[PDB]
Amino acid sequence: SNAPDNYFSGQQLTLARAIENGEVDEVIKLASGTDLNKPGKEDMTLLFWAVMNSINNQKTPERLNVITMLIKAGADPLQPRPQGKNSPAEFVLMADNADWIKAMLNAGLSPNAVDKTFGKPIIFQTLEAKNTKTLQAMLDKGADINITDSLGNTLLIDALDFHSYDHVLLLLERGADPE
């Protein structure tokens, strides 16, 4: 049957079970003596495991706090996956709401962070979301609204180019430099 044992063994499996249980104090305890960043099987990581298991109407605030506590303990929210697949922070910036990114910003994720594969500001991932909530979270936490990619494009230029009007209008309302 399907269980965290699909991905993890040993001390990582013990911590994956505490994550699955939404047990914040036990996660805090186990994290110290667990390799937080070594992938398990199928490229699964403990932090991706915490993002998946947060989707539960039981103990929801505590399950978001498990994400925060894993990052404070040294789980890397910017760790890439193989073959150019993205990090937990980049992944949750495309989501329909900002609960995940807020849990990571609460653990000291920089709103100006760049990805470790390509060096792109992770805030560009918000332009892929269906609404402006993750961009609002990053700008609210003090992201540079005028940060550029390697070719000098801003969030505003990219949003205009794709006709992502809701993102354009939020960026303008927040004072994004149009030149």
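We number the residues from 1 along the sequence you see.
Original post:
Quick one: higher average CA temperature factor, 40 to 48 or 57 to 65?
Top reply: Mean B over CA atoms: larger for 57 to 65.
Subject >> Average Cα temperature factor in the PDB entry - higher stretch of 21 to 29, 155 to 163 >> reply: In the deposited entry, the stretch with the higher C-alpha B-factor mean is 21 to 29.
Subject >> For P80, the third of its chain into which the C-alpha B factor falls >> reply: Middle third of the chain for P80's C-alpha B-factor.
Original post:
Comparing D99 with the other modelled residues of its chain, is its CA B-factor in the lowest, middle or highest third?
Top reply: Its C-alpha B-factor, which the entry lists for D99, ranks in the middle third among residues of this chain.
Subject >> Ranked C-alpha temperature factor of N112 among modelled chain residues, by third >> reply: Middle third, going by the recorded CA B-factors of the chain.
**OP:** Check where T126 lands among this chain's C-alpha B-factors and tell me if it's the lowest, middle or highest third.
**Re:** Tercile = lowest for this residue's CA B-factor.
**OP:** Tell me, lowest, middle or highest third: where does the Cα B factor of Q136 rank within its chain?
**Re:** Its C-alpha B-factor, which the entry lists for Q136, ranks in the middle third among residues of this chain.
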